[PDB]
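For reference, the chain that follows is the form deposited in one PDB entry, supplied as structure tokens.
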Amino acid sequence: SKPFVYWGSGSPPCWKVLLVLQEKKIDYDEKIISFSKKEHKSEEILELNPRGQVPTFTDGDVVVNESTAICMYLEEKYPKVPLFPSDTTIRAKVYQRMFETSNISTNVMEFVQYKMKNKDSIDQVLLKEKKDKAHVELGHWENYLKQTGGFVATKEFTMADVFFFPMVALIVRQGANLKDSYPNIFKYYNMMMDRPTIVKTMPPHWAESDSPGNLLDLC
């Protein structure tokens, strides 16, 4: 009857879900949980999601948890505002961009991961690899955006941008200065940051919290 979504601030998988709902204009109920207070580990969550993770989503009797699965279900259940074009060939490219975004987590966020799981423990001999790998990954997306001149997969907003943008917003959040090193991504970020649905779904805790600044040196 009416989708309900349990989610938390700062979580790209949660953001993906909110963006799809907003873009498709679907009315939904929500429960903003507290990560710092471990509410994603509550019994109400576990009943619906034995992994005790967010997002956890329900829609009538339907219950779905994996962020990507939720997005796919919403696109299929509410076809009114399609986040995929109709041409099968073009759709293939949207799917390609969507799933390729996972490489950003691995190749880029690992630079932020390492600068924490053992910080104050120099190893710039290897650290060079990671930072360099982050630059290589970003290069791909820089090119993609350069090629489209608009969004990440086509000249129109699609499911691919739902997956991509949150990752870019997170990167900027960590203090990355993309203006001159990655002009197209920066331009993409600025355009998207002005999109009403994105404005509505910015992570609530970022406004009053300081940027961790783990990518201030990325460049």
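Numbers for residues come from their place in the sequence shown, where the first is 1.
Although it is not shown, the form solved in complex with a small molecule is what the next lines describe.
Student: Work out which of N184, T154, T58, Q53 lies within 4.5 Å of the small molecule in the deposited bound form, going by heavy atoms.
Tutor: Checking each option against the small molecule in the deposited bound form, the one that comes within 4.5 Å is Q53.
Student: Among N65, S42, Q174, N177, which has any heavy atom within 4.5 Å of the small molecule in the deposited bound form?
Tutor: The option sitting close enough to the partner is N65.
Student: Counting only heavy atoms and a 4.5 Å cutoff, which of 154-162, 189-197, 65-73, 24-32 contacts the small molecule in the deposited bound form?
Tutor: Going through the listed ranges, the match is 65-73.
Student: Would you check, heavy atoms only and a 4.5 Å threshold, whether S11 touches the small molecule in the deposited bound form?
Tutor: Judged by the heavy-atom cut-off of 4.5 Å, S11 is in contact with the small molecule in the deposited bound form.
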